[PDB]
Structure formats: structure tokens, C-alpha cells
């Protein structure tokens, strides 16, 4: 094991720790591609966590800026050195959309003084900053020749996964004093998340939840229809990652939309999905 390997293996640990699903899918990529993904994932995970004040965040940001400006110089990274070395090594061979990390970093900064979304258009803006940006950074890894269509599809996939994540985590987020459903849509469907956390699901809530789930499902179908924008090796894997995340919607439904635990797709169910897709390819 060279030193860079240990850097990547650390990246890998972070990704697996955070997301059993994406790990399960993206570890199936060829070596070169999966290691790039681990590294991009780890950076983004670290940015997601950096607050816990903004000092570590500013350090990650400066690290990323050094890499962009001086891809081939040795840096003394201020933040997490194993992660940034791996990102640097990625950027020496692929085209990183640096503005997409900055967009993510700005969104994390802002989430500091979070106030509920007035409308869905703000909510979908947040899904872009926290996740669409991530799909954009991955685009060169996952496709042979990047065009605007490839970015578009990857950005939609990211935003959709983010919205599914929001749908899974309503109760956990409410505990951490966050609600991501828009005020407009909460008022329209007659829902009060505090009330629902207290007394359980009713029909208004289910209707509201299902309004957003149908958006997530439509976007997912639109992505699957355009899956050819990606490299042949990544196609089945992106289809796996998406199907696994999507299934989360059916898990929520089966737990009657509970606000009191995180539902999950069993590892054994992941393997079933892989089989179904492996055999279409």
C-alpha cells in the first residue's frame, strides 16, 4: 500500500461510514473511478460537517482554492490532509468543477442562519447547493465526454437524492430544529410539523409528503431515461445508486411515514436491486 492508497482508503471509510447505499453502488466502479468518487465524497462530507464555528470550513475552502490555483505544487493543507491530497491527485487527472465545491461551501455557510423556505423554489435551490453541485463535480468521473446534458442529468440526480433524503429524515431534522418543506406548501396542505411530530401522521401530512415524493420519483424517471449520458461502466452503477435511494421512499411508506426513526434499505435488499439491474446489462 503506497501512501496515496491510505489517503484514498481513508476517503473510502468516510463514505461508507456516512452512506451505506452510495458506498454499496459506487464501490462497484473500476478502481480509477471509484477512488475519485471516494475522494470527492469525503471532501463534501467534511464540508457538510465542518461547523458541528466557520474556521474549519474556511480552511477546507482555502485548501480547495490552493489545489485549483496550483494543482501540481506541494501544499501544507490546513484542514484534512489525507482528503485534500486525494482530491489533489484526482484533479491532476480529471477536470474538477471547482465552482461547484464553492457553491456547496456557500450553502453550508448559509445554513448557519437558516430560516425556513418560503416557497418550493427556495427548497429546490437548497437541493441544488447541497447536492446538485455534487452531481456536477462527479460528472467528469462518471462520463466519457461531458456536455451540458451530462451535467444537467447528474445535477438532477443529485437534487432528487437530496429530496429523498429530506423525505426520509423529517423527524430527525425536526429534532435538530430544521424543517425543509416550504412554508407555502405547509400552509397549502394544512400541516404543522411540530404538531405532526407530537400526534402522529394524518392525511394532510401524507398528502404533503406524497406531493414531494412524486416530484422525486418523476425526476428519477427522467434521469433513468437519460442514463446513456454516462460511461457504460457507470450506467448500471448509477442506476443501482438511484434505485437503492429511491426504495427509501417505499420504506418510509411501509413504516407509515413515521417521524420517530430513520428507515433504511437492508443490505440484502440492495443486493436484490443489484441483481435486477446487473441482469438488464
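Positions refer to the first chain, counted from 1.
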**Message:** Going by the PDB record, how many residues of the deposited sequence fall between residue 52 and residue 53 without any coordinates: none, 1 to 3, 4 to 9, or 10 or more?
**Reply:** 1 to 3
**Request:** Look over 118-126 and 196-204 in the entry and identify the one with the greater average Cα temperature factor.
**Result:** 196-204
**Prompt:** As stated in the PDB record, which stretch has the larger average Cα B-factor, 100-108 or 187-195?
**Reply:** 187-195
**Message:** Given 246, 64, 43, 36, identify the residue with the highest C-alpha B factor in the PDB entry.
**Reply:** 246
**Fill in**
On the chain's distribution of Cα B-factors, residue 113 falls within the third called highest
**Request:** Using the B-factors in the PDB entry, rank residue 265's C-alpha atom against the chain and give the third, lowest, middle or highest.
**Result:** highest
**Prompt:** Would the CA B-factor of residue 92 place it in the lowest, middle or highest third of its chain?
**Reply:** highest
**Fill in**
Among the modelled residues of its chain, the C-alpha B-factor of residue 212 falls in the third labelled lowest
**Prompt:** So where's residue 223 on the chain's Cα temperature factor ranking, which third?
**Reply:** lowest
